[PDB]
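Next comes just one chain, in structure tokens: the form deposited without the partner chain.
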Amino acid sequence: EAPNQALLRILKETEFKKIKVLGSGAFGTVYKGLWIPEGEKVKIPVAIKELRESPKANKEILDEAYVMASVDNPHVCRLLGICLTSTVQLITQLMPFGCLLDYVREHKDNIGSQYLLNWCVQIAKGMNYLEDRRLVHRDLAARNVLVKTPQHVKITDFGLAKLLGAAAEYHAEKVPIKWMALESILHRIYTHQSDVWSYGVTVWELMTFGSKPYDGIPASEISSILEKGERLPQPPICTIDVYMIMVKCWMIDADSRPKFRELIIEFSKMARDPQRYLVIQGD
């Protein structure tokens, strides 16, 4: 390994400021923000995630965070800094174009085949990087893929599930059922191959330009629906070559699903001749 490595920074409250709210949740709030490293003159657009609030827990939280800061891939968000002063705050680089989910909804008219296929490649490369690290994301969704540029997206919120662990309120009180693999839903089994299921859902969200999955069906019904063998419909732009890939991700047998390495090859091949695999008007 190289001498220089990515390192988590512990930040002071003075260092960064919240400018506006980007998103909200039971977890907390995410803010558009500015970071200035201590004793430095540079201002860095950040996103600050502040959890609803621990001190004993702080040591546990720190261990989770260190991993999140070790992630070193172009397609995975890296946790830059943490602050534990009153409540946990997580600092990452700001992604100016927001998430893909909102992106494909806004720009539905104007998105070409090459862009969509390319995003599919980048998400798979990032997931593959995590799998090599033996890290399981557990929450892959279009909402959690962010746009640095039309040509650069990154998977966010890796490892957040564990952190939300440090907790009891968290358990005594939710999971993204619609995105989840069946094993995850029934036994809370999380693997790279349950991440591959969610990858397929994420691709479906992109290919339909942001449609909510299983919109009629309620979440509770979903397990029954899957066992019955129903699956998300083929998106209209998708050719069967693309859909069969999605279908493979959603197979009940985990080992049967495609590996991330395979997905990169497959979507790379499609990206090379985009019009062949996606039929969009104005392409």
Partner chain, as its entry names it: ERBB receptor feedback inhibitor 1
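Residue numbers count along the first chain shown, from 1.
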Going from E173 to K174, the deposited residues skipped in the model number 1 to 3
Looking at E53 and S54, the deposited sequence has unmodelled residues in between totalling 1 to 3
Ranked by mean Cα B-factor in the entry, 135-143 and 104-112, top stretch is 104-112
Mean Cα B-factor check, 208-216 vs 72-80, entry values; winner is 208-216
Per the deposited B-factor column, the C-alpha that peaks among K59, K248, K32, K49 belongs to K59
So, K162's CA B-factor, relative to its chain, sits in which third? The highest
Assert third(CA B-factor, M127) within chain per record equals lowest
On the chain's distribution of Cα B-factors, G23 falls within the third called middle
The third of the chain into which the C-alpha temperature factor of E13 falls is the highest
Here the Cα B-factor of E183, set against its chain, lands in the third termed middle
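Another form, the form deposited with the partner chain bound, is not on view; read the next lines as being about it.
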| query | Counting only non-hydrogen atoms and a 4.5 angstroms cut-off, does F158 reach the partner chain in the deposited complex? | reply | no
Checklist entry - Do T208 and the partner chain share at least one heavy atom pair within 4.5 Å in the deposited complex? => result yes
